[PDB]
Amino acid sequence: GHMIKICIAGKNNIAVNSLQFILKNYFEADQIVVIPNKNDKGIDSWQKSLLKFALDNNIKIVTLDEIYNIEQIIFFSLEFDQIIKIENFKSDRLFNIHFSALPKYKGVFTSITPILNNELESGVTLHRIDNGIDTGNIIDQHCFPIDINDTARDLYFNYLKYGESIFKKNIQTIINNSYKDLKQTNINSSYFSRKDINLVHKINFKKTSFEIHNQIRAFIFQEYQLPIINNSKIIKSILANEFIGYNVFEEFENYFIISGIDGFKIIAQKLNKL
């Protein structure tokens, strides 16, 4: 049966680089379809455009409706924006790479939520798609550090890097259908929705230096927003082990020096610094 073997649905460098990899190594253009996200305008910007790549390489753009009845298609979500209902699909080869160490941080804004909840590590997880949000059985996972001064943007670029890597690592077993999976546990499972995160974050300074630093850097992702302290945008936060006294807060031309209830030095750099 069908001409079409695989759909890449989603966006950004992970979708494009994964598509490029399958086109290189596994499938021809006329065996592939893509479903870009709704906001993809076909322009390479701070991320590559999946729509652009498809148009440039002669790969058909489709809707979900067009692929539901396609027997045995591999459906791969790589930052895809639409919740699927699995019973729509004839095929049960439905996979996602989620940007967290599941079962933690299901849902959205995963470059923000682990930092804001004081994690020292995150991960990428390849899993089956079921009808819930990031709830399906885990196939592989790679965990990696959130370095102490990483911003949400830095973490997102690590997700793209390690996510592309885990795709390449696992795709052969998906294609031959010999992969193994395990149910997610109930314990440690967590979830955040768009509503749970106010993107204009008001910092609670009656917190430890680690928590104040995490509140700042979790919102540093300049293409979307920067945290504002005393009507200044912040581009970087640096947390030191140096004790400087409790509850320090001082504004300078290029930065703030801050400490919380445990007195460790934070330098919050203003965007205006040359």
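So that there is no doubt, residue numbering starts at 1 and follows the sequence shown.
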Stretch with the greater mean C-alpha B-factor as recorded in the entry, comparing 162-170 against 107-115
162-170
Mean temperature factor over C-alpha atoms, higher-scoring stretch between 12-20 and 258-266:
12-20
Scanning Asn131, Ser122, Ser190, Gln82 for peak Cα temperature factor in the entry gives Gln82
Just grab whichever of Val248, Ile234, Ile238, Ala29 has the top CA B-factor as deposited.
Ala29
CA B-factor placement of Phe157, once the chain's modelled residues are sorted into thirds
lowest
Cα B factor band for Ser49 (lowest, middle or highest third within the chain):
middle
Comparing against every modelled residue in the chain, figure out the third that the C-alpha B-factor of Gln72 lands in (lowest, middle or highest).
highest
Quick one: classify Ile203 as lowest, middle or highest third of the chain based on its Cα B-factor.
middle
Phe95: CA B-factor among chain residues, third -> middle
